[PDB]
Structures are given as structure tokens and as C-alpha cells.
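Take a look at the structure below.
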Amino acid sequence: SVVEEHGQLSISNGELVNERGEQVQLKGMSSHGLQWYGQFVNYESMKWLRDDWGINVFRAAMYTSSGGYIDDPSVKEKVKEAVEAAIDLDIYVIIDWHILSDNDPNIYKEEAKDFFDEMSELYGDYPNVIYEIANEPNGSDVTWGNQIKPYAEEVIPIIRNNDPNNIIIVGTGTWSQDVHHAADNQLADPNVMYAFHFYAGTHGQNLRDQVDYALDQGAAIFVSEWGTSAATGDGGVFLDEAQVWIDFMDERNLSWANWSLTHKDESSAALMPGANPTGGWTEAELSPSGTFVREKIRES
Ligand SMILES: OC[C@H]1O[C@@H](O[C@H]2[C@H](O)CNO[C@@H]2CO)[C@H](O)[C@@H](O)[C@@H]1O
């Protein structure tokens with residue numbers, strides 16, 4: 001129903017809109033690393049998230065390093081499983097080239113270009129797909145102008161040769177927080193968005209003001225990852241600040257995916273140890289984070 005109704009997504013005046021020009025807000029879940037917690041990514045779990053939580057997007061977080069794709073490329077097949085499930089379930093899907101320790105997206109740029117060539121060749125005639133080409137550029141030696149923008153200007157053409165207008169999300173500096181610099185030096189492609197990531201354990205008032213600055217330059221922002229935890233993915237749950245961010249995102253038409261769908265013993269994990277990898281979770285099988293996130297999506 002979601003993808004049939006909204007169809008082709010695009011950016012209009014810095015906003016994500018559907019094929020009839022109406023603003024649309026995506027809200028869903030990210031997997032954790034597919035090399036570690038891939039069992040939670042399947043048609044049945046995604047159907048349960050769609051039906052019971054109300055998700056309309058799913059993010060497939062394919063780590064490149066940390067035992068991910070570069071080390072063992074078999075994980076690309078799990079991305080394919082996820083995309084196919086989203087197509088079957090009529091929801092949107094984010095294909096995330098999930099850089100992190102490999103902090104400069106240029107490190108694996110050749111591999112990224114080949115990967116996105118393949119993905120866009122396979123799926124480029126479906127409206128479900130959103131390409132996230134570099135999760136979290138980070139480090140003082142990785143800047144928008146010198147590293148990230150030129151990387152994007154190599155990878156985007158590869159995608160566009162197969163898929164001329166599905167959305168592409170481009171990571172920003174400082175673990176996808178530096179939307180200010182991106183917004184002042186935007187990419188040419190009209191269907192690009194810049195990633196912004198937050199963790200509720202960080203006091204967020206200036207970060208919200210920076211997102212507003214970026215929006216005011218006409219840049220579109222996708223909150224492609226956020227957590228209820230501290231920035232590590234752990235360290236307690238911060239639901240008061242998470243709610244402030246939720247309300248902020250609603251007011252600003254910002255789409256989002258929550259980190260993450262796993263049973264790992266960390267505060268950001270949505271599931272308890274014991275949760276069935278194919279869905280059907282009772283309230284006792286959701287963590288405090290998962291309970292909150294599910295409520296936010298159901299409310300929406
Ligand atoms: O892989 C290191 C670490 O990653 C955390 O997840 C991060 C994600 O990869 C990028 N955005 O920030 C989040 C939080 O730091 C996981 O939560 C950890 O379990 C994992 O060890």
C-alpha cells in the first residue's frame with residue numbers, strides 16, 4: 001500500500017515528496033550490521049514491523065569493514081533479500097554502504113562504485129529503493145569539500161546511469177552531523193539528501209538549530225540513523241531527549257530510521273535477548289528503546 005500510494009519519491013524545494021508532489025515522511029528501522037545480526041532481516045520480520053509497528057521504510061546496514069562486505073562480500077546477498085522483501089511488502093528500503101572505521105568513503109570507493117552499479121542495475125526500475133552511499137564519514141581529515149563531495153560525485157553517476165532519479169542519501173562529516181558544510185556546498189543532483197544522525201544521549205539543541213540552518217539553504221535532510229542511547233549505541237536510554245527530536249522531525253518533515261533491530265545487549269537495541277528473528281514480539285520481548293520506537297511509529 002505505501003509504495004503503491006506514494007510511488008516515486010523525489011525532492012521538491014528541499015522536501016521529500018511523493019509522485020503527486022505531497023510531502024511524505026518515512027519512519028522505520030535500521031538493521032544492525034548485517035554481518036552480525038542478519039538473522040533479524042527477513043520477509044517475516046519486516047512484515048511484522050510493517051503490520052505491527054507501522055514502518056514504511058527499512059534500512060539494510062551493510063558494514064563495509066568490521067567483518068562486513070570488504071572482508072566477506074556474501075553480505076550483499078542479505079541486502080538483496082531485504083530489498084526484495086521491501087518490494088514484496090510495498091515499503092521503501094535504504095541500501096546503506098555502512099562505512100564507519102573506514103572513516104573516509106574514498107578508502108573503498110572502487111568497491112562502492114561496483115556495488116552501487118550492481119544494486120542500481122538490479123533494482124533501478126523499482127520506486128522502493130533509496131541509496132545511502134556512505135553511512136558516517138568521520139575524522140578531522142575527512143571533510144565535505146575535500147573527501148565526501150568528490151566521492152559522491154564519483155558514485156552518483158554510476159547509480160544515475162542505471163537509475164536516474166531514486167533518492168540518494170549522502171553522508172556528512174563528523175559521523176553525519178556536519179550538515180552545515182554540506183548545505184553550503186550542495187551536490188548538483190536534484191534527488192539528493194544529506195544524512196543527519198543523532199543520539200538522544202547527547203544534548204541536542206544546537207544540533208537541531210544546525211539541521212534548521214541546513215534546511216534553510218534548501219538542502220534536504222534524511223535522518224537515516226538515530227538512537228535513543230548515547231552516541232556509542234549504549235550507555236542508557238534517553239527518552240525525554242528522543243521525544244524532543246521526534247517532535248522536531250515531525251515539524252520539519254524529516255524522515256528517519258532508528259538504530260537498531262537486534263537483540264544485542266546495548267541500550268539502542270530494539271529487542272530483548274529471546275526475541276524471535278522472524279517477528280511476532282510481545283511487549284516483554286521489546287527493549288525500553290524498542291517499546292518507545294514502536295510507539296512513535298504506531299502514533300504516526
Ligand atoms: O560497529 C561499532 C558499533 O556500532 C554501533 O552502531 C553505530 C553505527 O554503526 C553507526 N552509527 O552510530 C551507531 C552508534 O555508535 C553499534 O550500536 C555497536 O554495537 C557497535 O559496536
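We label chains A, B, ... in the order they appear in the C-alpha cells, count residues from 1 in each chain, and number ligands from 1 in the order shown.
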Considering only C-alpha atoms and all ligand atoms, tabulate each residue of chain A that lies at most 10 Å from ligand 1 along with its nearest interatomic pair and the corresponding distance in Å to one decimal; arrange the rows by chain and ascending residue number and present them as JSON lines.
```
{"residue": "A:30", "atom": "CA", "partner": "ligand 1", "partner_atom_place_in_ligand_line": "8 (C)", "distance": 9.9}
{"residue": "A:31", "atom": "CA", "partner": "ligand 1", "partner_atom_place_in_ligand_line": "9 (O)", "distance": 9.9}
{"residue": "A:32", "atom": "CA", "partner": "ligand 1", "partner_atom_place_in_ligand_line": "16 (C)", "distance": 7.0}
{"residue": "A:33", "atom": "CA", "partner": "ligand 1", "partner_atom_place_in_ligand_line": "9 (O)", "distance": 7.1}
{"residue": "A:36", "atom": "CA", "partner": "ligand 1", "partner_atom_place_in_ligand_line": "19 (O)", "distance": 9.5}
{"residue": "A:61", "atom": "CA", "partner": "ligand 1", "partner_atom_place_in_ligand_line": "9 (O)", "distance": 8.1}
{"residue": "A:62", "atom": "CA", "partner": "ligand 1", "partner_atom_place_in_ligand_line": "9 (O)", "distance": 9.5}
{"residue": "A:63", "atom": "CA", "partner": "ligand 1", "partner_atom_place_in_ligand_line": "9 (O)", "distance": 7.6}
{"residue": "A:65", "atom": "CA", "partner": "ligand 1", "partner_atom_place_in_ligand_line": "1 (O)", "distance": 9.0}
{"residue": "A:66", "atom": "CA", "partner": "ligand 1", "partner_atom_place_in_ligand_line": "1 (O)", "distance": 6.8}
{"residue": "A:67", "atom": "CA", "partner": "ligand 1", "partner_atom_place_in_ligand_line": "1 (O)", "distance": 9.8}
{"residue": "A:98", "atom": "CA", "partner": "ligand 1", "partner_atom_place_in_ligand_line": "9 (O)", "distance": 7.2}
{"residue": "A:99", "atom": "CA", "partner": "ligand 1", "partner_atom_place_in_ligand_line": "9 (O)", "distance": 7.9}
{"residue": "A:100", "atom": "CA", "partner": "ligand 1", "partner_atom_place_in_ligand_line": "9 (O)", "distance": 6.4}
{"residue": "A:101", "atom": "CA", "partner": "ligand 1", "partner_atom_place_in_ligand_line": "1 (O)", "distance": 7.8}
{"residue": "A:135", "atom": "CA", "partner": "ligand 1", "partner_atom_place_in_ligand_line": "10 (C)", "distance": 7.1}
{"residue": "A:136", "atom": "CA", "partner": "ligand 1", "partner_atom_place_in_ligand_line": "10 (C)", "distance": 6.6}
{"residue": "A:137", "atom": "CA", "partner": "ligand 1", "partner_atom_place_in_ligand_line": "10 (C)", "distance": 9.9}
{"residue": "A:175", "atom": "CA", "partner": "ligand 1", "partner_atom_place_in_ligand_line": "11 (N)", "distance": 7.3}
{"residue": "A:176", "atom": "CA", "partner": "ligand 1", "partner_atom_place_in_ligand_line": "11 (N)", "distance": 8.7}
{"residue": "A:197", "atom": "CA", "partner": "ligand 1", "partner_atom_place_in_ligand_line": "11 (N)", "distance": 7.3}
{"residue": "A:198", "atom": "CA", "partner": "ligand 1", "partner_atom_place_in_ligand_line": "12 (O)", "distance": 8.2}
{"residue": "A:199", "atom": "CA", "partner": "ligand 1", "partner_atom_place_in_ligand_line": "14 (C)", "distance": 7.7}
{"residue": "A:224", "atom": "CA", "partner": "ligand 1", "partner_atom_place_in_ligand_line": "11 (N)", "distance": 9.5}
{"residue": "A:225", "atom": "CA", "partner": "ligand 1", "partner_atom_place_in_ligand_line": "11 (N)", "distance": 6.6}
{"residue": "A:226", "atom": "CA", "partner": "ligand 1", "partner_atom_place_in_ligand_line": "11 (N)", "distance": 7.4}
{"residue": "A:227", "atom": "CA", "partner": "ligand 1", "partner_atom_place_in_ligand_line": "14 (C)", "distance": 7.3}
{"residue": "A:228", "atom": "CA", "partner": "ligand 1", "partner_atom_place_in_ligand_line": "14 (C)", "distance": 9.9}
{"residue": "A:229", "atom": "CA", "partner": "ligand 1", "partner_atom_place_in_ligand_line": "14 (C)", "distance": 8.2}
{"residue": "A:230", "atom": "CA", "partner": "ligand 1", "partner_atom_place_in_ligand_line": "14 (C)", "distance": 7.6}
{"residue": "A:231", "atom": "CA", "partner": "ligand 1", "partner_atom_place_in_ligand_line": "15 (O)", "distance": 5.0}
{"residue": "A:232", "atom": "CA", "partner": "ligand 1", "partner_atom_place_in_ligand_line": "15 (O)", "distance": 3.7}
{"residue": "A:233", "atom": "CA", "partner": "ligand 1", "partner_atom_place_in_ligand_line": "14 (C)", "distance": 3.8}
{"residue": "A:234", "atom": "CA", "partner": "ligand 1", "partner_atom_place_in_ligand_line": "17 (O)", "distance": 6.7}
{"residue": "A:259", "atom": "CA", "partner": "ligand 1", "partner_atom_place_in_ligand_line": "13 (C)", "distance": 7.0}
{"residue": "A:260", "atom": "CA", "partner": "ligand 1", "partner_atom_place_in_ligand_line": "17 (O)", "distance": 7.3}
{"residue": "A:262", "atom": "CA", "partner": "ligand 1", "partner_atom_place_in_ligand_line": "19 (O)", "distance": 9.4}
{"residue": "A:264", "atom": "CA", "partner": "ligand 1", "partner_atom_place_in_ligand_line": "19 (O)", "distance": 7.2}
{"residue": "A:265", "atom": "CA", "partner": "ligand 1", "partner_atom_place_in_ligand_line": "19 (O)", "distance": 8.4}
{"residue": "A:266", "atom": "CA", "partner": "ligand 1", "partner_atom_place_in_ligand_line": "19 (O)", "distance": 6.8}
{"residue": "A:267", "atom": "CA", "partner": "ligand 1", "partner_atom_place_in_ligand_line": "17 (O)", "distance": 8.4}
{"residue": "A:268", "atom": "CA", "partner": "ligand 1", "partner_atom_place_in_ligand_line": "17 (O)", "distance": 6.6}
{"residue": "A:269", "atom": "CA", "partner": "ligand 1", "partner_atom_place_in_ligand_line": "17 (O)", "distance": 7.4}
```
Keeping only C-alpha atoms, write the selected residues as a PDB file, in the first residue's frame.
```
ATOM      1  CA  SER A  30      17.601   0.007  10.575  1.00  0.00           C
ATOM      2  CA  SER A  31      19.185  -3.348  10.876  1.00  0.00           C
ATOM      3  CA  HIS A  32      22.322  -3.552  12.940  1.00  0.00           C
ATOM      4  CA  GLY A  33      25.364  -4.787  10.999  1.00  0.00           C
ATOM      5  CA  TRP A  36      26.465  -9.802  12.861  1.00  0.00           C
ATOM      6  CA  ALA A  61      23.061  -1.540   7.168  1.00  0.00           C
ATOM      7  CA  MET A  62      25.808  -3.273   5.232  1.00  0.00           C
ATOM      8  CA  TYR A  63      29.045  -2.547   7.061  1.00  0.00           C
ATOM      9  CA  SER A  65      34.668  -3.002   7.296  1.00  0.00           C
ATOM     10  CA  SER A  66      34.387  -4.694  10.741  1.00  0.00           C
ATOM     11  CA  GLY A  67      33.849  -8.081   9.070  1.00  0.00           C
ATOM     12  CA  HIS A  98      27.830   1.440   6.020  1.00  0.00           C
ATOM     13  CA  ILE A  99      31.267   2.966   6.416  1.00  0.00           C
ATOM     14  CA  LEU A 100      32.498   3.694   9.937  1.00  0.00           C
ATOM     15  CA  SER A 101      36.009   2.578  10.938  1.00  0.00           C
ATOM     16  CA  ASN A 135      26.854   5.984   6.329  1.00  0.00           C
ATOM     17  CA  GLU A 136      29.210   8.054   8.556  1.00  0.00           C
ATOM     18  CA  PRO A 137      32.232   9.822   7.209  1.00  0.00           C
ATOM     19  CA  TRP A 175      29.650  10.984  11.772  1.00  0.00           C
ATOM     20  CA  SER A 176      26.968  12.546   9.582  1.00  0.00           C
ATOM     21  CA  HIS A 197      22.458  11.208  12.584  1.00  0.00           C
ATOM     22  CA  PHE A 198      21.787  11.825  16.271  1.00  0.00           C
ATOM     23  CA  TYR A 199      21.848  10.009  19.573  1.00  0.00           C
ATOM     24  CA  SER A 224      18.968   7.873   8.156  1.00  0.00           C
ATOM     25  CA  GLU A 225      20.099   6.732  11.592  1.00  0.00           C
ATOM     26  CA  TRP A 226      19.316   7.796  15.129  1.00  0.00           C
ATOM     27  CA  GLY A 227      19.264   6.164  18.530  1.00  0.00           C
ATOM     28  CA  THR A 228      17.705   6.558  21.942  1.00  0.00           C
ATOM     29  CA  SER A 229      21.098   5.788  23.530  1.00  0.00           C
ATOM     30  CA  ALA A 230      24.383   7.609  23.888  1.00  0.00           C
ATOM     31  CA  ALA A 231      26.473   8.050  20.719  1.00  0.00           C
ATOM     32  CA  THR A 232      28.190   4.703  21.252  1.00  0.00           C
ATOM     33  CA  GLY A 233      24.921   2.826  20.780  1.00  0.00           C
ATOM     34  CA  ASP A 234      24.915   2.069  24.520  1.00  0.00           C
ATOM     35  CA  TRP A 259      19.164   2.112  15.171  1.00  0.00           C
ATOM     36  CA  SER A 260      18.664  -0.824  15.552  1.00  0.00           C
ATOM     37  CA  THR A 262      18.840  -6.516  17.157  1.00  0.00           C
ATOM     38  CA  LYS A 264      22.388  -7.113  21.333  1.00  0.00           C
ATOM     39  CA  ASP A 265      22.805  -6.065  24.975  1.00  0.00           C
ATOM     40  CA  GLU A 266      23.124  -2.356  24.336  1.00  0.00           C
ATOM     41  CA  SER A 267      20.627   0.429  25.052  1.00  0.00           C
ATOM     42  CA  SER A 268      19.860   1.280  21.429  1.00  0.00           C
ATOM     43  CA  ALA A 269      18.886  -2.308  20.557  1.00  0.00           C
TER      44      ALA A 269
END
```
Which residues come within 10 Å of residue 1 (chain A), counting only C-alpha atoms, excluding same-chain residues fewer than 2 positions away, as a ChimeraX atom specification? /A:3-7,56,89-91
Would you save the residues of that selection, restricted to N, CA, C and O atoms, as an mmCIF file, in the first residue's frame?
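Full text of out18.cif as output:
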```
data_model
loop_
_atom_site.group_PDB
_atom_site.id
_atom_site.type_symbol
_atom_site.label_atom_id
_atom_site.label_comp_id
_atom_site.auth_asym_id
_atom_site.auth_seq_id
_atom_site.Cartn_x
_atom_site.Cartn_y
_atom_site.Cartn_z
ATOM 1 N N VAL A 3 4.075 2.053 -0.985
ATOM 2 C CA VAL A 3 4.764 2.363 -2.229
ATOM 3 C C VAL A 3 3.792 2.518 -3.405
ATOM 4 O O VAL A 3 4.000 3.328 -4.285
ATOM 5 N N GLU A 4 2.705 1.761 -3.407
ATOM 6 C CA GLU A 4 1.725 1.931 -4.465
ATOM 7 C C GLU A 4 1.121 3.340 -4.376
ATOM 8 O O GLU A 4 0.887 3.985 -5.407
ATOM 9 N N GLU A 5 0.841 3.805 -3.154
ATOM 10 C CA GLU A 5 0.222 5.121 -2.956
ATOM 11 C C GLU A 5 1.161 6.268 -3.235
ATOM 12 O O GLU A 5 0.784 7.234 -3.896
ATOM 13 N N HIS A 6 2.377 6.195 -2.706
ATOM 14 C CA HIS A 6 3.301 7.318 -2.814
ATOM 15 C C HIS A 6 4.162 7.231 -4.050
ATOM 16 O O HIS A 6 4.593 8.251 -4.590
ATOM 17 N N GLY A 7 4.454 6.010 -4.479
ATOM 18 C CA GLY A 7 5.209 5.780 -5.674
ATOM 19 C C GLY A 7 6.586 6.397 -5.667
ATOM 20 O O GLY A 7 7.371 6.235 -4.732
ATOM 21 N N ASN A 56 7.307 2.175 7.301
ATOM 22 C CA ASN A 56 7.197 2.346 5.840
ATOM 23 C C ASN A 56 8.533 2.429 5.128
ATOM 24 O O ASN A 56 8.573 2.662 3.930
ATOM 25 N N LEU A 89 6.550 -6.305 0.235
ATOM 26 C CA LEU A 89 5.759 -5.722 1.288
ATOM 27 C C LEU A 89 5.273 -4.287 0.989
ATOM 28 O O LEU A 89 4.524 -3.690 1.753
ATOM 29 N N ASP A 90 5.703 -3.758 -0.155
ATOM 30 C CA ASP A 90 5.334 -2.444 -0.638
ATOM 31 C C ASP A 90 5.743 -1.335 0.319
ATOM 32 O O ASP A 90 4.990 -0.406 0.557
ATOM 33 N N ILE A 91 6.974 -1.425 0.818
ATOM 34 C CA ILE A 91 7.580 -0.368 1.621
ATOM 35 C C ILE A 91 8.897 0.052 0.961
ATOM 36 O O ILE A 91 9.446 -0.622 0.083
#
```
Tell me, which residues of region 13-110 of chain A carry DSSP strand (DSSP E or B), written as a ChimeraX atom specification? /A:15-17,23,27-31,57-63,92-98
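Among A:138, A:174, A:10, A:202, the residue with the shortest atom-to-atom distance to residue 25 (chain A), counting only C-alpha atoms, is A:10.
Interatomic distance, CA of residue 254 (chain A) to CA of residue 94 (chain A): 15.1 Å.
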Taking only C-alpha atoms into account, which of A:252, A:59, A:80, A:208 comes nearest residue 16 (chain A)? A:252
So which residues of region 160-264 of chain A fall under helix (DSSP H, G or I) by DSSP, listed as number ranges by chain? A: 160-162, 173-176, 179-183, 205-216, 239-251
Would you mind exporting the chosen residues as a tab-separated table (two decimals), in the first residue's frame, restricted to N, CA, C and O atoms?
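Result went into part_0.tsv, see below:
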```tsv
chain	number	residue	atom	x	y	z
A	160	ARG	N	23.25	6.82	-11.37
A	160	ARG	CA	22.35	7.53	-12.29
A	160	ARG	C	22.34	6.96	-13.67
A	160	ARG	O	21.36	7.10	-14.38
A	161	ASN	N	23.41	6.27	-14.06
A	161	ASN	CA	23.43	5.60	-15.33
A	161	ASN	C	22.40	4.48	-15.40
A	161	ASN	O	22.01	4.08	-16.50
A	162	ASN	N	22.04	3.92	-14.25
A	162	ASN	CA	21.03	2.84	-14.15
A	162	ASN	C	19.71	3.25	-13.57
A	162	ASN	O	18.73	2.55	-13.78
A	173	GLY	N	30.10	15.04	7.25
A	173	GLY	CA	31.25	14.92	8.12
A	173	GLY	C	30.87	14.74	9.58
A	173	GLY	O	29.75	14.99	10.02
A	174	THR	N	31.87	14.32	10.35
A	174	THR	CA	31.73	14.20	11.80
A	174	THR	C	30.58	13.24	12.17
A	174	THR	O	29.68	13.56	12.95
A	175	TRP	N	30.65	12.05	11.60
A	175	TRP	CA	29.65	10.98	11.77
A	175	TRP	C	28.27	11.46	11.33
A	175	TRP	O	27.27	11.29	12.02
A	176	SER	N	28.22	12.04	10.14
A	176	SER	CA	26.97	12.55	9.58
A	176	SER	C	26.25	13.53	10.50
A	176	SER	O	25.02	13.49	10.65
A	179	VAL	N	25.96	18.83	8.59
A	179	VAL	CA	25.07	19.25	7.52
A	179	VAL	C	25.26	20.71	7.14
A	179	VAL	O	24.94	21.09	6.02
A	180	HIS	N	25.84	21.51	8.02
A	180	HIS	CA	26.10	22.90	7.69
A	180	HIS	C	27.03	23.02	6.50
A	180	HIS	O	26.75	23.74	5.53
A	181	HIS	N	28.15	22.33	6.52
A	181	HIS	CA	29.08	22.46	5.42
A	181	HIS	C	28.51	21.89	4.12
A	181	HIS	O	28.69	22.46	3.06
A	182	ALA	N	27.80	20.77	4.20
A	182	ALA	CA	27.19	20.21	3.00
A	182	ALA	C	26.18	21.18	2.42
A	182	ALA	O	26.11	21.37	1.22
A	183	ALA	N	25.37	21.79	3.28
A	183	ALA	CA	24.29	22.68	2.83
A	183	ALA	C	24.83	23.93	2.15
A	183	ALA	O	24.17	24.51	1.30
A	205	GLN	N	20.20	20.63	21.38
A	205	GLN	CA	19.56	21.87	20.95
A	205	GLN	C	20.33	22.54	19.82
A	205	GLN	O	19.72	23.03	18.88
A	206	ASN	N	21.65	22.56	19.88
A	206	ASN	CA	22.39	23.19	18.80
A	206	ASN	C	22.34	22.34	17.53
A	206	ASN	O	22.32	22.88	16.42
A	207	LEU	N	22.35	21.02	17.68
A	207	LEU	CA	22.25	20.11	16.54
A	207	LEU	C	20.93	20.32	15.80
A	207	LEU	O	20.92	20.37	14.57
A	208	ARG	N	19.84	20.53	16.54
A	208	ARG	CA	18.58	20.90	15.89
A	208	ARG	C	18.69	22.22	15.15
A	208	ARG	O	18.23	22.34	14.01
A	209	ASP	N	19.33	23.21	15.77
A	209	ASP	CA	19.50	24.51	15.10
A	209	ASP	C	20.34	24.38	13.82
A	209	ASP	O	20.06	25.04	12.82
A	210	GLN	N	21.32	23.48	13.81
A	210	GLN	CA	22.15	23.25	12.63
A	210	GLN	C	21.36	22.55	11.52
A	210	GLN	O	21.54	22.86	10.35
A	211	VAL	N	20.52	21.60	11.87
A	211	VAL	CA	19.63	21.00	10.90
A	211	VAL	C	18.74	22.09	10.30
A	211	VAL	O	18.57	22.15	9.07
A	212	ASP	N	18.17	22.97	11.13
A	212	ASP	CA	17.40	24.06	10.58
A	212	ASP	C	18.20	24.96	9.66
A	212	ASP	O	17.68	25.42	8.64
A	213	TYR	N	19.45	25.25	9.99
A	213	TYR	CA	20.32	26.02	9.11
A	213	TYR	C	20.42	25.35	7.75
A	213	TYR	O	20.25	25.99	6.70
A	214	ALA	N	20.67	24.05	7.76
A	214	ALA	CA	20.80	23.30	6.52
A	214	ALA	C	19.53	23.34	5.69
A	214	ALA	O	19.58	23.60	4.47
A	215	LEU	N	18.39	23.12	6.34
A	215	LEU	CA	17.10	23.20	5.68
A	215	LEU	C	16.89	24.57	5.06
A	215	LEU	O	16.34	24.68	3.95
A	216	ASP	N	17.33	25.61	5.75
A	216	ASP	CA	17.18	26.97	5.27
A	216	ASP	C	18.02	27.28	4.04
A	216	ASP	O	17.77	28.29	3.38
A	239	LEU	N	14.87	8.92	26.72
A	239	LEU	CA	13.61	9.09	26.03
A	239	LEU	C	13.07	10.51	26.03
A	239	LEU	O	12.33	10.88	25.12
A	240	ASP	N	13.42	11.31	27.03
A	240	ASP	CA	12.97	12.69	27.03
A	240	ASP	C	13.58	13.42	25.82
A	240	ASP	O	12.86	14.06	25.07
A	241	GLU	N	14.88	13.32	25.66
A	241	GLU	CA	15.53	13.98	24.52
A	241	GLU	C	15.10	13.32	23.22
A	241	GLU	O	14.94	14.00	22.20
A	242	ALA	N	14.89	12.01	23.23
A	242	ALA	CA	14.42	11.36	21.99
A	242	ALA	C	13.09	11.95	21.57
A	242	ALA	O	12.87	12.21	20.38
A	243	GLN	N	12.18	12.17	22.52
A	243	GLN	CA	10.88	12.75	22.18
A	243	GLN	C	11.00	14.18	21.61
A	243	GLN	O	10.26	14.55	20.69
A	244	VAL	N	11.91	14.97	22.16
A	244	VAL	CA	12.17	16.30	21.61
A	244	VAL	C	12.58	16.18	20.14
A	244	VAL	O	12.08	16.90	19.28
A	245	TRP	N	13.48	15.25	19.83
A	245	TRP	CA	13.87	15.02	18.45
A	245	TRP	C	12.73	14.51	17.58
A	245	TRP	O	12.60	14.91	16.43
A	246	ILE	N	11.93	13.59	18.10
A	246	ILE	CA	10.78	13.08	17.35
A	246	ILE	C	9.87	14.22	16.95
A	246	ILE	O	9.43	14.31	15.79
A	247	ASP	N	9.56	15.10	17.90
A	247	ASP	CA	8.67	16.21	17.61
A	247	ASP	C	9.29	17.18	16.58
A	247	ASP	O	8.62	17.66	15.67
A	248	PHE	N	10.58	17.45	16.74
A	248	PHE	CA	11.34	18.25	15.79
A	248	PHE	C	11.25	17.69	14.38
A	248	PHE	O	10.99	18.41	13.42
A	249	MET	N	11.47	16.38	14.25
A	249	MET	CA	11.45	15.76	12.94
A	249	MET	C	10.07	15.82	12.31
A	249	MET	O	9.91	16.07	11.14
A	250	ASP	N	9.04	15.67	13.13
A	250	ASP	CA	7.66	15.75	12.61
A	250	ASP	C	7.38	17.14	12.10
A	250	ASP	O	6.83	17.32	11.02
A	251	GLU	N	7.78	18.14	12.86
A	251	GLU	CA	7.55	19.54	12.47
A	251	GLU	C	8.26	19.92	11.18
A	251	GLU	O	7.78	20.77	10.42
```
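Among the candidates A:77, A:88, A:125, A:117, the residue lying nearest to residue 46 (chain A) is A:88 (atoms considered: only C-alpha atoms).
With only C-alpha atoms taken into account, the protein and nucleic acid residues at most 8 Å from residue 55 (chain A) (excluding it and anything under 2 positions from it in its own chain) are residues 26, 27, 28, 29, 49, 50, 51, 53, 57, 58, 91 and 297 of chain A.
Nearest to residue 141 (chain A) of all the residues A:104, A:295, A:42, A:185 is A:104, based on only C-alpha atoms.
We find CA of residue 189 (chain A) and CA of residue 140 (chain A) to be spaced 26.1 Å apart.
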Within 8 Å of residue 288 (chain A), counting only C-alpha atoms, which residues qualify if same-chain residues fewer than 3 places away don't, as a list in words? residues 237, 267, 270, 291 and 292 of chain A
Export of the given selection (N, CA and C atoms) as a short mmCIF file (atom, residue, chain, number, x, y, z; two decimals), in the first residue's frame:
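As written to disk, part39.cif reads:
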```
data_model
loop_
_atom_site.label_atom_id
_atom_site.label_comp_id
_atom_site.auth_asym_id
_atom_site.auth_seq_id
_atom_site.Cartn_x
_atom_site.Cartn_y
_atom_site.Cartn_z
N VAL A 237 19.28 4.91 28.12
CA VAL A 237 18.25 5.30 27.21
C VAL A 237 17.82 6.71 27.65
N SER A 267 21.90 -0.32 24.88
CA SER A 267 20.63 0.43 25.05
C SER A 267 19.85 0.76 23.77
N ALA A 270 16.58 -2.64 19.84
CA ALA A 270 15.13 -2.64 19.96
C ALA A 270 14.56 -3.87 20.63
N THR A 291 10.28 -0.44 22.61
CA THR A 291 8.93 -0.08 23.01
C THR A 291 8.59 1.34 22.61
N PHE A 292 9.52 2.25 22.89
CA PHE A 292 9.35 3.65 22.56
C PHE A 292 9.26 3.86 21.05
#
```
